[PDB]
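Taking it in order: structure first as structure tokens, then the write-up.
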Amino acid sequence: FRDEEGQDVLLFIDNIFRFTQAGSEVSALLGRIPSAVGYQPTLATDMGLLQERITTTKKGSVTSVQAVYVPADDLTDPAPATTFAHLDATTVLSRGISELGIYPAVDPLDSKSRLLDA
Amino acid sequence: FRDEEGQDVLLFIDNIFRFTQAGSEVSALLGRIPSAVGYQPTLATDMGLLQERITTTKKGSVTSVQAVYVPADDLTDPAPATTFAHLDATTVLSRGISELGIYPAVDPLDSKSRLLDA
Amino acid sequence: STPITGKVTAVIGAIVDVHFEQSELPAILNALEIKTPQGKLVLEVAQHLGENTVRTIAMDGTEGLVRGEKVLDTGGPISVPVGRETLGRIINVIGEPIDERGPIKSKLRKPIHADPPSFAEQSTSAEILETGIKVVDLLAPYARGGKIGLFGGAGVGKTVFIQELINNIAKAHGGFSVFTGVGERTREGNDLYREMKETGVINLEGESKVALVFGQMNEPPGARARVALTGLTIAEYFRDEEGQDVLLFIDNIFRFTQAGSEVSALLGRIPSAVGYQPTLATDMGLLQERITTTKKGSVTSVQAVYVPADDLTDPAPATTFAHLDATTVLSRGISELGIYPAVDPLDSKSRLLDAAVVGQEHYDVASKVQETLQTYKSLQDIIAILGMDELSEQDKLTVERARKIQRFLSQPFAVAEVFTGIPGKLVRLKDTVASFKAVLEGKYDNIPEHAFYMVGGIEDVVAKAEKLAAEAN
Amino acid sequence: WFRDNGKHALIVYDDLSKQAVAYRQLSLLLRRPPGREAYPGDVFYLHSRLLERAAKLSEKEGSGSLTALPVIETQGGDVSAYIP
Amino acid sequence: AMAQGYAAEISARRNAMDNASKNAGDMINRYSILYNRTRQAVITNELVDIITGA
């Protein structure tokens, strides 16, 4: 849609972590030595390929909003941490303020964006 | 004694954790992939085989005062965690109560039994 | 004779596999050699894999290697040129002078892999070694043949302590120290060499008192695990053939342990506790057992120890703790604000500080000094709050006396002559204990506190007080 | 020997923690599965078989005795670690 | 009377704060030991798991 039609599309992915989880799912049976805390050794390269296939070109624009599930609400897990480098305006949602009643649940501090400047 | 004699038997052991420990001992040289924290893969199955033969057994009855050693005072160790499910009346004997000087050092907040119903 | 030759079969990272012929395989830990255009790539045999193939670890960068290249067996382990000619030269793990001041003219050539002296040859008496530094040889004295652990940091004069120790040991008995820069940063190394030349310890035209062996941090793993052995061989030769009380300085024993763990992973051994080699204790004992006192002479090691994550429980720090005797925790700017040595006497401890070794009087004075300092530190809080009034007369006396002792811990350094202006003094341990007990008795309270600052012997305290009086009135 | 010859003996096992460390090194050099803190499962069996060889004998054997004094270095002042 | 009560209350508060200080210090020591043990145990866990991966 972006290239041939020259149109601005809205790529709405959900739970992109599931792709890397599926990769680690068959990594062991493929005959690959597991990486740290049981992920595939090649997660960074494949997920980088997938993410850099998501970009705004000079032929058209794509607006991507994808949700990233953090395993056991840990931001230091390799998958979400490595995804962080691929996202312009990260909007991290925090559990604590969610049980505090603020159901929008966007963390006022940790959620940061590149577009915020004078 | 329960079957041929038809008597109420009162089986006593000193430590059932040693059984699983010896199973882990023989498992490594037996040629099986190690399980969690270096236990035998056939932990639950073998322990259930051992502890299911001990049962009330319509023609007769048995009481068995089991005894378990927790490794490094870890209640989450796989062997104690697995043997929890096959016991109705339990007694944890927490150490903190022991250094508090209250002997027996049983923790009243974790003893727990099925018979405690109105 | 016919040289032992073979062909390279595989280079996997730093690990190099070489196939030999029948009845030609050397023993492990032996040195191998290939002709590369750059220089000499040397391989230490680690394991025999059967079929006349040996697994070796490279001491230098293995780049541009081709299967089927010729190799030659030296015959034994890596042999370092050893002798009095090493003093003043920069030598590496393979025994090649990287000082480019000509070849090494040492007549002897000893392998780096040797055995510790047998039980009979071990000295049966715990001996004391004078350090020159007053606070060091009074409150945390060094063991003759000990395993002193320097718990310092950055900007604490860790080096200047080292040169002062080298100068003091050279003057005192026979000291020809050997500095082993395991994992040298090659910038600090160049600065250290320049400081050696400036301080006069290294005399290019004259005679030097220290040999600078170090493998830089950019070297492949294993060389960083063998530079310590090379330096230890040098020190052992200087001890077993000259009877001197040699010193040995380790850049970071933690780096040696990290290299040892690194080597084991490359071979294929399972890391034991925390990414650590299964032979951590064995390697530590092998390194630290040859550094010991014998019937002929003694060798004392001063190693700098880094504590990972500030965790005293980490396996490598504990394994090093197995062999320390005494320790020196250089104060991170605590005593550096003021006292130049900055050794933090309330943290640096020693196992030999007992009446059976240092004498009853030495134990007494050291104990009184440390307890006075502890009480003064405990009262410092209320001193900061109110001042000097809230303290009782004996509390005030103890506080003032402990302040005098803290000022008197300082000592001018013979390697700091060029630094500010002050003539360093080799205060003997007997003079140190006499001076400190004289201050302890309490007959020198009228002398001001600054008459102990940057001062050695107690007669120097008296002289400084006299000159203060002369310049006053 | 003394215990079975009717005499009484004192034996001090200084630093059996380093004994366990050496056994761990031997086991992992033998490609044995690591356990809790990578100690092989037979660390308990080692100390067990080692210590139980010291007890008082009855009168019929000769009433000999063997007293064992193991030394274990707890690291951090904790007696709740695996080897301790 | 109110001045004396003020002084006594402040003194008791100072003593209570000192007691809480030493109790917090003991708690700090124990939990530092526990944290070091926990980190060592967990890192052993991932190392042994990755070893079993081979």
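Just so we're on the same page: first chain in the structure tokens is A, next is B, and so on; residues restart at 1 for each chain, and ligands are numbered from 1 in the order they show up.
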
Checklist entry - Quick one: which residues from chain A are at most 12 Å off chain E, using only C-alpha atoms, as a list in words? => result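 Residues passing the distance filter: residues 27, 28, 29, 31, 32, 33, 34, 35, 36, 37, 38, 39 and 40 of chain A.
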
Restrict the selected residues to N, CA, C and O atoms and save them as a PDB file, in the first residue's frame.
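Output below, filename again.pdb:
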```pdb
ATOM      1  N   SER A  27      13.804 -22.093  18.069  1.00  0.00           N
ATOM      2  CA  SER A  27      15.260 -21.980  18.059  1.00  0.00           C
ATOM      3  C   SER A  27      15.928 -23.245  18.587  1.00  0.00           C
ATOM      4  O   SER A  27      16.899 -23.738  18.003  1.00  0.00           O
ATOM      5  N   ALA A  28      15.421 -23.782  19.701  1.00  0.00           N
ATOM      6  CA  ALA A  28      16.059 -24.940  20.321  1.00  0.00           C
ATOM      7  C   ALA A  28      16.009 -26.163  19.413  1.00  0.00           C
ATOM      8  O   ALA A  28      17.015 -26.858  19.240  1.00  0.00           O
ATOM      9  N   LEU A  29      14.845 -26.442  18.824  1.00  0.00           N
ATOM     10  CA  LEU A  29      14.708 -27.604  17.954  1.00  0.00           C
ATOM     11  C   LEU A  29      15.449 -27.442  16.635  1.00  0.00           C
ATOM     12  O   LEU A  29      15.750 -28.449  15.984  1.00  0.00           O
ATOM     13  N   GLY A  31      18.452 -26.530  16.396  1.00  0.00           N
ATOM     14  CA  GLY A  31      19.823 -26.928  16.642  1.00  0.00           C
ATOM     15  C   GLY A  31      20.728 -25.752  16.936  1.00  0.00           C
ATOM     16  O   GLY A  31      21.896 -25.741  16.538  1.00  0.00           O
ATOM     17  N   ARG A  32      20.198 -24.755  17.637  1.00  0.00           N
ATOM     18  CA  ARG A  32      20.942 -23.557  17.999  1.00  0.00           C
ATOM     19  C   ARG A  32      21.139 -23.531  19.506  1.00  0.00           C
ATOM     20  O   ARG A  32      20.207 -23.820  20.263  1.00  0.00           O
ATOM     21  N   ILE A  33      22.351 -23.195  19.936  1.00  0.00           N
ATOM     22  CA  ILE A  33      22.647 -23.037  21.357  1.00  0.00           C
ATOM     23  C   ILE A  33      21.811 -21.877  21.883  1.00  0.00           C
ATOM     24  O   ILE A  33      21.805 -20.796  21.278  1.00  0.00           O
ATOM     25  N   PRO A  34      21.086 -22.053  22.986  1.00  0.00           N
ATOM     26  CA  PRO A  34      20.266 -20.956  23.509  1.00  0.00           C
ATOM     27  C   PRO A  34      21.126 -19.787  23.967  1.00  0.00           C
ATOM     28  O   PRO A  34      22.292 -19.940  24.337  1.00  0.00           O
ATOM     29  N   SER A  35      20.531 -18.598  23.922  1.00  0.00           N
ATOM     30  CA  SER A  35      21.173 -17.373  24.357  1.00  0.00           C
ATOM     31  C   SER A  35      20.822 -17.119  25.825  1.00  0.00           C
ATOM     32  O   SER A  35      20.289 -18.003  26.510  1.00  0.00           O
ATOM     33  N   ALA A  36      21.129 -15.916  26.306  1.00  0.00           N
ATOM     34  CA  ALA A  36      20.852 -15.574  27.693  1.00  0.00           C
ATOM     35  C   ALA A  36      19.361 -15.684  27.990  1.00  0.00           C
ATOM     36  O   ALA A  36      18.513 -15.358  27.155  1.00  0.00           O
ATOM     37  N   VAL A  37      19.060 -16.167  29.198  1.00  0.00           N
ATOM     38  CA  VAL A  37      17.716 -16.360  29.749  1.00  0.00           C
ATOM     39  C   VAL A  37      16.778 -16.946  28.691  1.00  0.00           C
ATOM     40  O   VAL A  37      15.613 -16.550  28.569  1.00  0.00           O
ATOM     41  N   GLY A  38      17.285 -17.911  27.927  1.00  0.00           N
ATOM     42  CA  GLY A  38      16.459 -18.733  27.060  1.00  0.00           C
ATOM     43  C   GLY A  38      15.781 -18.073  25.874  1.00  0.00           C
ATOM     44  O   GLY A  38      14.596 -18.316  25.630  1.00  0.00           O
ATOM     45  N   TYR A  39      16.505 -17.246  25.132  1.00  0.00           N
ATOM     46  CA  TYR A  39      16.024 -16.724  23.860  1.00  0.00           C
ATOM     47  C   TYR A  39      16.912 -17.191  22.710  1.00  0.00           C
ATOM     48  O   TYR A  39      18.004 -17.726  22.907  1.00  0.00           O
ATOM     49  N   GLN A  40      16.413 -16.993  21.493  1.00  0.00           N
ATOM     50  CA  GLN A  40      17.178 -17.363  20.314  1.00  0.00           C
ATOM     51  C   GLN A  40      18.392 -16.447  20.168  1.00  0.00           C
ATOM     52  O   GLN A  40      18.317 -15.257  20.492  1.00  0.00           O
TER      53      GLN A  40
END
```

Next on the checklist: Residues near residue B:63, anyone? I mean within 7 Å using only C-alpha atoms, not counting same-chain ones fewer than 6 positions away, as a list in words.
Outcome noted: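 Everything that qualifies: residues 9, 10 and 11 of chain B.
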
Next on the checklist: as a count of residues only, please: the residues near residue C:229 (cut-off 12 Å, only C-alpha atoms, same-chain neighbours under 5 positions excluded).
Outcome noted: 41

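In this structure, atom CA of residue D:42 sits 17.1 Å away from atom CA of residue B:77.
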
Next on the checklist: Tell me as a VMD selection string which residues belonging to chain E come within 7 Å of chain D, counting only C-alpha atoms.
Outcome noted: chain E and resid 33 41 44 48

Checklist entry - Counting only C-alpha atoms, which residues of chain C come no farther than 12 Å from chain E, as a ChimeraX atom specification? => result /C:265,268-277,308-315

If you keep N, CA, C and O atoms, can you produce a file of those selected residues as a PDB file, in the first residue's frame?
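And here's again_13.pdb as it stands now:
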```
ATOM      1  N   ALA C 265      36.796 -21.224  29.685  1.00  0.00           N
ATOM      2  CA  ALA C 265      35.636 -21.190  28.802  1.00  0.00           C
ATOM      3  C   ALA C 265      36.035 -21.504  27.364  1.00  0.00           C
ATOM      4  O   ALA C 265      35.326 -22.218  26.648  1.00  0.00           O
ATOM      5  N   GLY C 268      36.608 -25.221  26.897  1.00  0.00           N
ATOM      6  CA  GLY C 268      35.350 -25.939  26.879  1.00  0.00           C
ATOM      7  C   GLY C 268      34.910 -26.397  28.253  1.00  0.00           C
ATOM      8  O   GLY C 268      33.887 -27.072  28.391  1.00  0.00           O
ATOM      9  N   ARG C 269      35.681 -26.039  29.276  1.00  0.00           N
ATOM     10  CA  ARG C 269      35.319 -26.394  30.640  1.00  0.00           C
ATOM     11  C   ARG C 269      34.062 -25.646  31.068  1.00  0.00           C
ATOM     12  O   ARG C 269      33.809 -24.520  30.633  1.00  0.00           O
ATOM     13  N   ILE C 270      33.273 -26.282  31.927  1.00  0.00           N
ATOM     14  CA  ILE C 270      32.029 -25.697  32.418  1.00  0.00           C
ATOM     15  C   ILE C 270      32.349 -24.675  33.502  1.00  0.00           C
ATOM     16  O   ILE C 270      32.986 -25.022  34.506  1.00  0.00           O
ATOM     17  N   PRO C 271      31.942 -23.414  33.343  1.00  0.00           N
ATOM     18  CA  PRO C 271      32.157 -22.432  34.413  1.00  0.00           C
ATOM     19  C   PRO C 271      31.432 -22.848  35.684  1.00  0.00           C
ATOM     20  O   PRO C 271      30.281 -23.289  35.651  1.00  0.00           O
ATOM     21  N   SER C 272      32.119 -22.707  36.818  1.00  0.00           N
ATOM     22  CA  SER C 272      31.597 -23.327  38.028  1.00  0.00           C
ATOM     23  C   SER C 272      30.546 -22.489  38.745  1.00  0.00           C
ATOM     24  O   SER C 272      29.355 -22.799  38.668  1.00  0.00           O
ATOM     25  N   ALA C 273      30.947 -21.396  39.392  1.00  0.00           N
ATOM     26  CA  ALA C 273      29.975 -20.707  40.232  1.00  0.00           C
ATOM     27  C   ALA C 273      29.360 -19.496  39.549  1.00  0.00           C
ATOM     28  O   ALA C 273      28.178 -19.511  39.193  1.00  0.00           O
ATOM     29  N   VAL C 274      30.159 -18.456  39.330  1.00  0.00           N
ATOM     30  CA  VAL C 274      29.681 -17.263  38.643  1.00  0.00           C
ATOM     31  C   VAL C 274      30.554 -17.031  37.421  1.00  0.00           C
ATOM     32  O   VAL C 274      31.530 -16.276  37.484  1.00  0.00           O
ATOM     33  N   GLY C 275      30.197 -17.654  36.302  1.00  0.00           N
ATOM     34  CA  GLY C 275      31.049 -17.601  35.116  1.00  0.00           C
ATOM     35  C   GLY C 275      32.508 -17.886  35.396  1.00  0.00           C
ATOM     36  O   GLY C 275      33.380 -17.496  34.609  1.00  0.00           O
ATOM     37  N   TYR C 276      32.796 -18.557  36.506  1.00  0.00           N
ATOM     38  CA  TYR C 276      34.152 -18.754  36.992  1.00  0.00           C
ATOM     39  C   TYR C 276      34.652 -20.148  36.646  1.00  0.00           C
ATOM     40  O   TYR C 276      33.894 -21.119  36.620  1.00  0.00           O
ATOM     41  N   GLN C 277      35.953 -20.235  36.397  1.00  0.00           N
ATOM     42  CA  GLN C 277      36.548 -21.502  36.008  1.00  0.00           C
ATOM     43  C   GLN C 277      36.411 -22.512  37.144  1.00  0.00           C
ATOM     44  O   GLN C 277      36.437 -22.134  38.321  1.00  0.00           O
ATOM     45  N   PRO C 308      34.374  -7.177  42.833  1.00  0.00           N
ATOM     46  CA  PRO C 308      33.252  -6.977  41.908  1.00  0.00           C
ATOM     47  C   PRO C 308      31.976  -6.584  42.638  1.00  0.00           C
ATOM     48  O   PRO C 308      31.593  -7.202  43.635  1.00  0.00           O
ATOM     49  N   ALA C 309      31.313  -5.546  42.122  1.00  0.00           N
ATOM     50  CA  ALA C 309      30.024  -5.080  42.637  1.00  0.00           C
ATOM     51  C   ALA C 309      30.085  -4.774  44.132  1.00  0.00           C
ATOM     52  O   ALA C 309      29.070  -4.789  44.831  1.00  0.00           O
ATOM     53  N   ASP C 310      31.290  -4.491  44.623  1.00  0.00           N
ATOM     54  CA  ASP C 310      31.536  -4.245  46.044  1.00  0.00           C
ATOM     55  C   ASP C 310      31.001  -5.396  46.892  1.00  0.00           C
ATOM     56  O   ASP C 310      30.473  -5.209  47.991  1.00  0.00           O
ATOM     57  N   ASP C 311      31.144  -6.607  46.361  1.00  0.00           N
ATOM     58  CA  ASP C 311      30.636  -7.818  46.991  1.00  0.00           C
ATOM     59  C   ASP C 311      31.803  -8.606  47.567  1.00  0.00           C
ATOM     60  O   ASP C 311      32.579  -9.210  46.819  1.00  0.00           O
ATOM     61  N   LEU C 312      31.917  -8.607  48.896  1.00  0.00           N
ATOM     62  CA  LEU C 312      32.939  -9.400  49.565  1.00  0.00           C
ATOM     63  C   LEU C 312      32.696 -10.896  49.424  1.00  0.00           C
ATOM     64  O   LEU C 312      33.608 -11.687  49.685  1.00  0.00           O
ATOM     65  N   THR C 313      31.491 -11.297  49.021  1.00  0.00           N
ATOM     66  CA  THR C 313      31.119 -12.701  48.934  1.00  0.00           C
ATOM     67  C   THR C 313      31.422 -13.328  47.581  1.00  0.00           C
ATOM     68  O   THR C 313      31.217 -14.537  47.421  1.00  0.00           O
ATOM     69  N   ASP C 314      31.894 -12.550  46.613  1.00  0.00           N
ATOM     70  CA  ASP C 314      32.152 -13.086  45.285  1.00  0.00           C
ATOM     71  C   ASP C 314      33.250 -14.146  45.363  1.00  0.00           C
ATOM     72  O   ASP C 314      34.197 -13.992  46.146  1.00  0.00           O
ATOM     73  N   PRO C 315      33.145 -15.242  44.603  1.00  0.00           N
ATOM     74  CA  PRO C 315      34.110 -16.346  44.770  1.00  0.00           C
ATOM     75  C   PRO C 315      35.569 -15.959  44.573  1.00  0.00           C
ATOM     76  O   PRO C 315      36.431 -16.425  45.328  1.00  0.00           O
TER      77      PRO C 315
END
```

Next on the checklist: One decimal, in Å: what's the spacing between atom CA of residue C:105 and atom CA of residue C:237?
Outcome noted: 15.8 Å

Checklist entry - Running DSSP on the backbone, which parts of chain A land in alpha helix (DSSP H), as a ChimeraX atom specification? => result /A:17-30,43-52,78-84,95-99

Item to check | Residue neighbourhood residue B:113, 7 Å, only C-alpha atoms, exclusion window fewer than 6 positions, as a PyMOL selection string | outcome: chain B and resi 88-90

Please dump the current selection as a PDB file, in the first residue's frame; keep N, CA and C atoms.
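For reference, part-v5.pdb as written:
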```pdb
ATOM      1  N   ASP B  88      -1.740 -34.352  53.630  1.00  0.00           N
ATOM      2  CA  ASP B  88      -2.920 -33.635  54.132  1.00  0.00           C
ATOM      3  C   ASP B  88      -2.566 -32.828  55.379  1.00  0.00           C
ATOM      4  N   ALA B  89      -1.938 -33.474  56.358  1.00  0.00           N
ATOM      5  CA  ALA B  89      -1.466 -32.773  57.541  1.00  0.00           C
ATOM      6  C   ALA B  89       0.027 -32.504  57.426  1.00  0.00           C
ATOM      7  N   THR B  90       0.399 -31.231  57.521  1.00  0.00           N
ATOM      8  CA  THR B  90       1.769 -30.802  57.291  1.00  0.00           C
ATOM      9  C   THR B  90       2.290 -30.049  58.508  1.00  0.00           C
TER      10      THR B  90
END
```

Checklist outcome for this item: Taken to one decimal, the atom CA of residue A:104-atom CA of residue A:87 distance is 20.0 Å

Next on the checklist: From a backbone DSSP assignment, name each residue in chain D labelled strand (DSSP E), as number ranges by chain.
Outcome noted: D: 8-13, 65-70

Checklist entry - So, counting only C-alpha atoms, which residue among D:43, D:22, D:57, D:29 is closest to chain B? => result D:43

Do you know which residues are at most 10 Å from residue D:44 counting only C-alpha atoms, after dropping those on the same chain fewer than 3 positions away, and could you put them as a CSV table (one decimal) with C-alpha atoms, in the first residue's frame?
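Final output, result14.csv:
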```csv
chain,number,residue,atom,x,y,z
B,21,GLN,CA,18.3,-37.1,46.5
D,20,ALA,CA,33.6,-29.7,48.5
D,39,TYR,CA,27.8,-28.4,43.4
D,40,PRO,CA,27.3,-31.9,42.1
D,41,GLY,CA,24.5,-33.8,43.8
D,47,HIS,CA,30.6,-35.7,53.6
D,48,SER,CA,28.1,-38.3,54.7
D,49,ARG,CA,30.3,-41.3,53.9
D,50,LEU,CA,33.3,-39.3,55.3
D,82,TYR,CA,23.6,-25.6,51.0
D,83,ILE,CA,27.0,-26.9,52.1
```

Next on the checklist: Neighbouring residues of residue A:14 were defined as those with any atom within 12 Å, considering only C-alpha atoms; residues of the same chain fewer than 4 positions away were excluded. Please report them as a PyMOL selection string.
Outcome noted: chain A and resi 18-19+64-69

Would you mind exporting C-alpha atoms of the selected residues as a CSV table (one decimal), in the first residue's frame?
```csv
chain,number,residue,atom,x,y,z
A,18,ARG,CA,5.0,-12.8,20.2
A,19,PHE,CA,7.1,-12.9,17.0
A,64,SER,CA,3.1,2.2,13.2
A,65,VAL,CA,1.6,1.7,16.6
A,66,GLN,CA,2.5,-1.7,18.1
A,67,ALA,CA,2.1,-2.9,21.6
A,68,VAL,CA,5.1,-4.7,23.3
A,69,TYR,CA,4.3,-7.2,26.1
```

Next on the checklist: At a cut-off of 9 Å, using only C-alpha atoms, what residues contact stretch 441-458 of chain C? Leave out same-chain residues fewer than 5 positions from it and give the result as number ranges by chain.
Outcome noted: C: 134, 338-340, 397, 400-401, 403-412, 422, 424-428, 431-432, 434-436, 463-465, 468

File dump, residues just selected, N, CA and C atoms, as an mmCIF file, in the first residue's frame:
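And here is the file that came out, result25.cif:
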```
data_model
loop_
_atom_site.group_PDB
_atom_site.id
_atom_site.type_symbol
_atom_site.label_atom_id
_atom_site.label_comp_id
_atom_site.auth_asym_id
_atom_site.auth_seq_id
_atom_site.Cartn_x
_atom_site.Cartn_y
_atom_site.Cartn_z
ATOM 1 N N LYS C 134 55.534 4.393 58.495
ATOM 2 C CA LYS C 134 55.329 4.280 59.937
ATOM 3 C C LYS C 134 54.001 3.607 60.267
ATOM 4 N N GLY C 338 44.790 15.645 53.897
ATOM 5 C CA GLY C 338 45.737 15.673 54.992
ATOM 6 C C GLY C 338 46.867 14.675 54.836
ATOM 7 N N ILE C 339 46.815 13.590 55.614
ATOM 8 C CA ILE C 339 47.912 12.627 55.660
ATOM 9 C C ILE C 339 48.201 12.087 54.266
ATOM 10 N N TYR C 340 49.462 12.229 53.827
ATOM 11 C CA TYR C 340 49.823 11.799 52.475
ATOM 12 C C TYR C 340 49.691 10.293 52.279
ATOM 13 N N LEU C 397 41.055 15.078 76.311
ATOM 14 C CA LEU C 397 42.434 14.611 76.224
ATOM 15 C C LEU C 397 42.575 13.519 75.173
ATOM 16 N N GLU C 400 42.190 15.049 71.585
ATOM 17 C CA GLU C 400 43.380 15.781 71.167
ATOM 18 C C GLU C 400 44.552 14.841 70.904
ATOM 19 N N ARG C 401 44.729 13.825 71.753
ATOM 20 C CA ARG C 401 45.803 12.860 71.554
ATOM 21 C C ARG C 401 45.608 12.067 70.269
ATOM 22 N N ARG C 403 43.972 13.093 67.614
ATOM 23 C CA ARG C 403 44.283 14.007 66.520
ATOM 24 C C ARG C 403 45.789 14.105 66.305
ATOM 25 N N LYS C 404 46.554 14.174 67.398
ATOM 26 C CA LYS C 404 48.010 14.176 67.281
ATOM 27 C C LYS C 404 48.510 12.895 66.623
ATOM 28 N N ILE C 405 47.946 11.751 67.015
ATOM 29 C CA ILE C 405 48.350 10.474 66.430
ATOM 30 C C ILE C 405 48.024 10.440 64.942
ATOM 31 N N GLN C 406 46.838 10.925 64.572
ATOM 32 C CA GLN C 406 46.434 10.949 63.170
ATOM 33 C C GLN C 406 47.383 11.810 62.346
ATOM 34 N N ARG C 407 47.781 12.964 62.886
ATOM 35 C CA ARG C 407 48.765 13.791 62.193
ATOM 36 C C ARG C 407 50.128 13.108 62.139
ATOM 37 N N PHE C 408 50.486 12.369 63.190
ATOM 38 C CA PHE C 408 51.799 11.739 63.260
ATOM 39 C C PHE C 408 51.888 10.485 62.400
ATOM 40 N N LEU C 409 50.753 9.949 61.948
ATOM 41 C CA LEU C 409 50.788 8.806 61.041
ATOM 42 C C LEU C 409 51.479 9.154 59.729
ATOM 43 N N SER C 410 51.444 10.426 59.335
ATOM 44 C CA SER C 410 52.049 10.847 58.080
ATOM 45 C C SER C 410 53.563 10.675 58.121
ATOM 46 N N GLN C 411 54.147 10.454 56.941
ATOM 47 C CA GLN C 411 55.582 10.286 56.797
ATOM 48 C C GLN C 411 56.010 10.797 55.425
ATOM 49 N N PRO C 412 57.049 11.627 55.354
ATOM 50 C CA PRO C 412 57.548 12.069 54.047
ATOM 51 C C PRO C 412 58.066 10.894 53.231
ATOM 52 N N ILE C 422 59.630 17.643 50.421
ATOM 53 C CA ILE C 422 59.904 17.111 51.758
ATOM 54 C C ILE C 422 60.862 15.924 51.738
ATOM 55 N N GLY C 424 62.068 12.541 52.488
ATOM 56 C CA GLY C 424 61.535 11.309 53.042
ATOM 57 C C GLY C 424 62.524 10.663 53.998
ATOM 58 N N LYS C 425 61.989 9.982 55.007
ATOM 59 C CA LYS C 425 62.791 9.340 56.036
ATOM 60 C C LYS C 425 62.390 7.879 56.176
ATOM 61 N N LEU C 426 63.390 7.002 56.218
ATOM 62 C CA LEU C 426 63.178 5.569 56.413
ATOM 63 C C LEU C 426 63.106 5.326 57.917
ATOM 64 N N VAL C 427 61.939 5.593 58.494
ATOM 65 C CA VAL C 427 61.736 5.415 59.926
ATOM 66 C C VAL C 427 61.685 3.924 60.231
ATOM 67 N N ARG C 428 62.612 3.460 61.064
ATOM 68 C CA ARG C 428 62.639 2.056 61.444
ATOM 69 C C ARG C 428 61.421 1.713 62.291
ATOM 70 N N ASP C 431 61.995 2.574 65.844
ATOM 71 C CA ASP C 431 61.810 4.007 66.031
ATOM 72 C C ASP C 431 60.333 4.371 65.975
ATOM 73 N N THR C 432 59.586 3.730 65.074
ATOM 74 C CA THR C 432 58.155 3.992 64.965
ATOM 75 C C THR C 432 57.424 3.649 66.258
ATOM 76 N N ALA C 434 58.677 3.239 69.285
ATOM 77 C CA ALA C 434 59.127 4.115 70.364
ATOM 78 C C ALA C 434 58.458 5.482 70.280
ATOM 79 N N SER C 435 58.406 6.064 69.081
ATOM 80 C CA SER C 435 57.800 7.380 68.911
ATOM 81 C C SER C 435 56.313 7.353 69.235
ATOM 82 N N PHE C 436 55.597 6.352 68.723
ATOM 83 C CA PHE C 436 54.164 6.278 68.960
ATOM 84 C C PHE C 436 53.840 6.019 70.423
ATOM 85 N N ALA C 463 62.086 18.724 66.692
ATOM 86 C CA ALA C 463 62.771 19.740 65.897
ATOM 87 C C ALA C 463 61.780 20.656 65.188
ATOM 88 N N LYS C 464 60.693 20.090 64.662
ATOM 89 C CA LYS C 464 59.683 20.905 63.996
ATOM 90 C C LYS C 464 59.008 21.842 64.988
ATOM 91 N N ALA C 465 58.755 21.360 66.208
ATOM 92 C CA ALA C 465 58.215 22.232 67.246
ATOM 93 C C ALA C 465 59.180 23.367 67.569
ATOM 94 N N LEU C 468 59.027 25.891 64.756
ATOM 95 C CA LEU C 468 57.785 26.648 64.886
ATOM 96 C C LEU C 468 57.916 27.718 65.962
#
```
